[PDB]
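Here's a structure for you.
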Amino acid sequence: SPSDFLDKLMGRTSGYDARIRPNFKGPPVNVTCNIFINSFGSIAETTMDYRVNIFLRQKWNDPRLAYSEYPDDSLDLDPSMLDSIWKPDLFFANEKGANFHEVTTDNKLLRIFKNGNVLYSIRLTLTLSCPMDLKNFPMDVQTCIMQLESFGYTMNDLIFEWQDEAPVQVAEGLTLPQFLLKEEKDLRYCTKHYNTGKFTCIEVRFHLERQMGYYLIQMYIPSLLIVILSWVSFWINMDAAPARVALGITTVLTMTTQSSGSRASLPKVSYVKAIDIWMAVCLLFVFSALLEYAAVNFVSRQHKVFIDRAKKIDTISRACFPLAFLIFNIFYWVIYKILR
Amino acid sequence: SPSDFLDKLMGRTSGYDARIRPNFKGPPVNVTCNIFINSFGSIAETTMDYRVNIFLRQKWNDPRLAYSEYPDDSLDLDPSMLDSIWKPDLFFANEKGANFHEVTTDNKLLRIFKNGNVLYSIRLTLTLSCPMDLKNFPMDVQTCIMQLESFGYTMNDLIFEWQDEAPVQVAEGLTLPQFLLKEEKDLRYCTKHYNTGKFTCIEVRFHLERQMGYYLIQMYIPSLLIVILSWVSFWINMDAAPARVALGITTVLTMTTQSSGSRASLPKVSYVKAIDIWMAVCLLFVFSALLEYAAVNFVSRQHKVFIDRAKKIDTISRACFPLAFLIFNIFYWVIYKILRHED
Amino acid sequence: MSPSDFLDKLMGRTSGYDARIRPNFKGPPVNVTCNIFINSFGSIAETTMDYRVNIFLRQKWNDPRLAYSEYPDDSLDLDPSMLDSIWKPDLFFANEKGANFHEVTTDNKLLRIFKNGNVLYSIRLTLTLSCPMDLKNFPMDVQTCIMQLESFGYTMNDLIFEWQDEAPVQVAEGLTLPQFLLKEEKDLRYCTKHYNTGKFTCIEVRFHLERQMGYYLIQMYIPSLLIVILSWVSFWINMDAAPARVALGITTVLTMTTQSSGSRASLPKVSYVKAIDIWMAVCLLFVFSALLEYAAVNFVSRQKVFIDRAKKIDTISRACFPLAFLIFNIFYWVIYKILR
Amino acid sequence: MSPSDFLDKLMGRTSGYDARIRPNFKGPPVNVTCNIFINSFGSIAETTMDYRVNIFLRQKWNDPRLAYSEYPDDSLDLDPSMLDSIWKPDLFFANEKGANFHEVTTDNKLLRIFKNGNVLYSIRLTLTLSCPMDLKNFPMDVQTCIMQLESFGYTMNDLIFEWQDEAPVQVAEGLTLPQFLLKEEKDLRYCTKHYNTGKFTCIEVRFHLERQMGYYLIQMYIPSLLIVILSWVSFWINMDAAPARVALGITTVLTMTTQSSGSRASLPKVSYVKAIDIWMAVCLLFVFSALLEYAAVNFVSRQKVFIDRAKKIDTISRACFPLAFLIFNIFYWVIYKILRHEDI
Amino acid sequence: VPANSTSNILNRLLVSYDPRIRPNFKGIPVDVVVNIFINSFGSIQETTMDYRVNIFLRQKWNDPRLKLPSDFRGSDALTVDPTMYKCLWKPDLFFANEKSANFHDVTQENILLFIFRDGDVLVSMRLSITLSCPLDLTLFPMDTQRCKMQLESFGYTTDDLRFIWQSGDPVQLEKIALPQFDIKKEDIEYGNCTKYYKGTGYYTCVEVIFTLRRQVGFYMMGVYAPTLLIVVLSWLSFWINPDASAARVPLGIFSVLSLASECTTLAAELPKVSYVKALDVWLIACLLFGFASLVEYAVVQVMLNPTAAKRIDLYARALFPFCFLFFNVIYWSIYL
């Protein structure tokens, strides 16, 4: 009878207790864990965190769960049976909040093989934490870290290892709202050392590169259009003061609005970001155009060859400013696209 | 005695244990499940998720719950009895987070028939997730998904099937806050494959299309008003330079701040949306009007015989700009209403 | 002797040890030595006056009922679930809005029993502490937030807390704050709170936090300097050329009043006046004073012998405003960097 | 002799004590004397009409079933976990939007059983109470937020609540509010709510709160004074500078409208008018009247023999408006500071 | 007889009382009498279309298995400790239009249990439910919302459980005050719905329908004084001499931009709906009036390039107030 078999295996009549690890006071019991990412996203720069949804899996061997009644090896058990067997401690080192998932039942899997190997996969939702470097914001590449670590036992009893083949796999059809996922994911050892003792640890790296497709349209194109519009004043004659003062204040006001929005869209940071550099340079160029207007107006109104000097300086400015803008633009783009 | 009947069926003296599925290591037990949408809404673009309130129902047959004491077949039991019988595992795959409803009791139903069939309906509240495309944001059509999938058992032990008739039914009088719900609901099979095994799965599709009335009133009318305000400056005489420059400045400022406000309330996406195109064209037209005023001022101040040129260019611009706006309007509306979508 | 039998005899059903009575029942008070481990730190918000930590609280105490002799080894590790059967000292944080344990894939607790009876008990926690702040000089303020560990159930006659002798508070290497900086010294005081019901022990730790100027400088102060320089530019221009000066006044006023609006919004409402408020008010006053000076110059010029007066007052203003602004800046910076 | 044996004989399995029957059953109602201890305060949000507290609620009562004689001492301290085995009085806060216990490393509870049967039971709590507010004079308002204690399971025939004779409500030393001030006096009274199911005991404590105007003064009154002072500049400007006066009036009206709209966006919707609303409306009315007066003077001027009339009306306005504004200022401030509002 | 012996022998595992079987099993359906005491009301978030109440739900029925001893003449009221509430049969009851509801528990559980002489059992619980009602915003500033609350049964069909309201004054409330709404204590009309679910059967449900009418005291000021002042300011441009040609245009442009800003700002509070609200109608009409003033100035300027211009200006200045008064009269007549 299957109920009698279950009772004899792990029930009260079995004599098996879950308060003792396998091969107590001997070699450390090793666990080979691999995950399966089901979802991703919600990467927020303000809080420096992201949410995953993983089917964490673990495997270990104990000699106390060996059976011979059933010839079949891969035996499936109910999720509710997991409360009566030993389970290795495992907590994520860097996480702000995590919780199980239970709808219409608990989300757990249990499977016992003939030789004693046990498979235990549990669904989880995590909110991990990864500090980010925003030195070059619109063209940054992030590496967010997920760490697995034992808590109850030292390295003398519990050891974690990745699976040799396909340790981390991504669900098909997954896409990120604003980032990209690299096809390679680094795996390393951490082995954190605390005051109490030596605890095992396990780390997996995710490489994310931001796509500037939105930032182009939102900021760079309007800035280019505004700074190009600012140059129309040079071709306008100096006597048309209302026209030039019209093509004045407007571009600096628009640049101020763009700078305010771009700077207010991001979290606080000590250093200066690339978008800040671009916005500052464009604002300075608009200010320089207005200052050139003021200088031409001041020289022209020097109450006899003065008009010729004003024409010469206006022509020089109209011929020089595009070259300066082009050289700044090419230098900025090449450095932040190659040498960054 | 009914208490003795319950004890003999699934009680202490029954011998029944809820730890073994029906037909152990035999044919896989099939489950026919259907839902009943009781609420809908909160479809938010900034998070790409929506909330439902379903009366999930499951039906299956196990031979160990067959009784003969009661002549009647349809027997109703307490919700608290559900923990003494076997139940199939079922989790929603694309779920950000869901919780039961426990008010004054557990919201559960149980019904055991004579032949052994079991009905088990439980009230839930799901925050599902559906990725969206925003190629044409104000006039888009979205398809959000709900997936049912087994976790504990492979396809060799548990199989899910939709009901033959009326698989998904909606409560009468349901209204969406902004969207509209179609009368067609596709039913497919997913049957997800993992390395552990081949798990059964079940899918359902909801079709939603967006109503543009709110977006129309909130954004398209003010943009038209602002561009007409910009055009008003054409007929003002060029001698009154301050009057025209004030309009040229204020219309540009209003247009750019309105564009920023309109675009600040949407998720950041790589592609370009329809509202972005409309805002860009309106801003470009305002800028072109200001540039035309600058040009007509420049022409007039060249110095007799030039005032005629300024008047002719001003009249040509005033007679030409509205036609360009109208042709752009008809082109954009037809291309985004006929061929691009709803085709 | 099977380990299960040993655990049953030590603190199990047949042991006779009950967790309902503290060691040395109404004898000498039991002393507890506690030390912590800050795993993560941050989320300092002035709008709510709170901050979040993530500590590995550890406690040590001695009881004679948990002394064993069967196992020769001294450091014996037990399961986290075994902690519900031993006496645990009460410990609640006095100043905290909300705290919760971490329970992912198991309970996050540790237990270890030595031969002489010493017990180690480390439990992971996440806390949202509370510390009121002083914003007299907001951009250059120094904050001291307080974490208190206090007993609740027992009086001073039964439970006594005290910090560990050597290295009581340790911080994980590589920890960084999003906006603040951590001092290398941390005070360790005593509270010893007195209540109506009795005399309760308490333990206090001080963290020194100092805000950085890296962000605020670039975001606020430098643009104000550039705005005031732009305002000064107009004075050096000839008076007859009205439109250039009018444009330089309008753009200056508009940009400064656009920038000054958002500075005060993010901070909470307080009675006192902050440094950023003073700086913004003074800069706005200088810009308005420049505009009023230009208006007065135009008014005087709109009344031979008068143009000389207009030009001399214009050059007097142009030579006087830089001196006033520089003396204001030196006074402000010196007072708020030395005396305050 | 052993403490475990004593505990089991007092309230254990062999004790015969059942926690489902109140002391002296079918007799006089058991009296419970309670006092609180405020540990934190603040988070007074007007948009939601609530405030958060943090109290060490304490309850004292006597039952003859917990009298001991083995231990000579009178005061005895027990584990917090023992509180699930003895009778406890029901107590809920009627005006509560939500409250939760505090558990960290253990439950936050205290138990103390005296020789004669008196029991002390102090439990830590965090409450989000609700108090309606009147905003007739918003920047100079005085608010009274209420905390109520009430029995639920038993009527006044079984349970009676009373305040403590001395030190009923205690405040932690150095407690500060972010914006308000806490008065020394705290009123205590009875409520004794009556329902159709019976007559329930109740207990009420009042806190007196008065707002500080230091922030609101700087934020609102100073810019309004600057705006109204700059409005008077138009009158002294010559009529020939009509566009300048038009622009100054328009920008002053714009500033007043923006400030008035911003002021009301930070408060909950209310049918009646507030003091700040009256101030903003009157300042906007003064600016609008100044602009209208300028328009009327300009209309008069553009109809010799009339320029003198325009000058005299402009001077009359320039001499009368500051006086009227100062009279309104003193009248409004004295009426909203001394008698018509505040001052108890 | 021991004091606890009454509760021990009346209902416990020792006695033959099974809480898993409804009273009158396979017989007459159980009748439940329900009345509600409203404790708090408010937090009507128009953006989420939900409101939060706080009620003292009460329900009584007849349970023949719970009869007090005949010799026990200890009055009808037999207040039982709330802990023993889990040892007797309870009727299922869930709120159909509920989004999030939870119990309250501070220092104890908030539940009161009564057992009368003949067997009637009274249960009163303190709940904090968050109901939902679909708002109708056809005339937003002066609407009359109709938000309801429908109780229901889940476990048992109409053959076993049936809900009936209290005979006299079922819904009670003491001086409930709301920030923006006024709830009539008399218009609490209620009926019963007995919803039918296909595939399972009938299920009883009783509903209470309130009547909330928004009071226009805040919207009136905040969105009709500034707009009226802006319109009058725009009218003020007519009396300015046309020769200025530079001061009248700023008045019109300021009027239209201020009205546009007001219209944009005032739409953030309300939820997104397809139809057109009365407030939007008023804002659109005011914006159109301002734009008409500006375009009439443009027409005057065109005609000036002055007797005809003066005649046009006088005609417009005479015409506009009458047309605006007519519009205001008809608008306030439609939306009285």
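First chain written, first letter: the chains are A, B, C, D and E, and each begins at residue 1.
One rule holds in what follows: contacts are C-beta pairs under 8 Å (C-beta built on N, C-alpha and C of every residue); 3 or more make two chains touch, one makes a residue touch a chain.
Looking at A-C and C-D, the interface holding more C-beta pairs in contact is that of A-C. Subunit B and subunit D have CA centres that are 41 Å apart.
Subunit D and subunit E have Cα centroids lying 26 Å from one another. If you average the CA atoms of subunit C and of subunit D, the two centres end up 27 Å from each other. For subunit B, the set of residues that touch two or more other chains comprises 242. Residue positions 246, 250 of subunit E are each in touch with at least two other chains.
The ring of chains, read from subunit A with the first step to subunit B, runs A, B, E, D, C.
Put simply, subunit B touches subunit E in their complex at residues 2-3, 6, 34, 36, 38-39, 41-42, 53, 55, 57, 76-81, 101, 103-105, 107-111, 119, 121, 123, 125, 166, 169, 175, 177-178, 211, 213-214, 217-218, 221-222, 225-226, 228-229, 232, 235-237, 239-240, 242-243, 246-247, 250, 254, 258, 261. Residues of subunit B that touch subunit A in their complex: 17, 19-21, 24-25, 48, 56, 87-95, 97-100, 122, 124, 126, 129, 131, 151-154, 157, 194-196, 241-242, 245, 248-249, 252-253, 256-257, 260, 263-264, 267-272, 276, 287, 290-291, 293-294, 297-298, 301-302. Those residues of subunit E that touch subunit B in the shared complex are 16, 18, 20-21, 25-26, 48-49, 57, 90, 92-96, 98-99, 101-102, 125, 127, 129, 132, 134, 154-157, 160, 197-200, 245-246, 249-250, 253, 256-257, 260, 263-264, 267, 271-276, 280, 284, 287, 291, 294-295, 298, 301-302, 305. Those residues of subunit E that touch subunit D in the shared complex are 3-4, 7, 37, 39-40, 42-43, 54, 56, 58, 74, 77, 79-84, 104, 106-108, 110-112, 114, 122, 124, 126, 128, 172, 177, 179-180, 215, 217-218, 221-222, 225-226, 229, 233, 236, 239-241, 244, 246-247, 250-251, 254, 258, 265.
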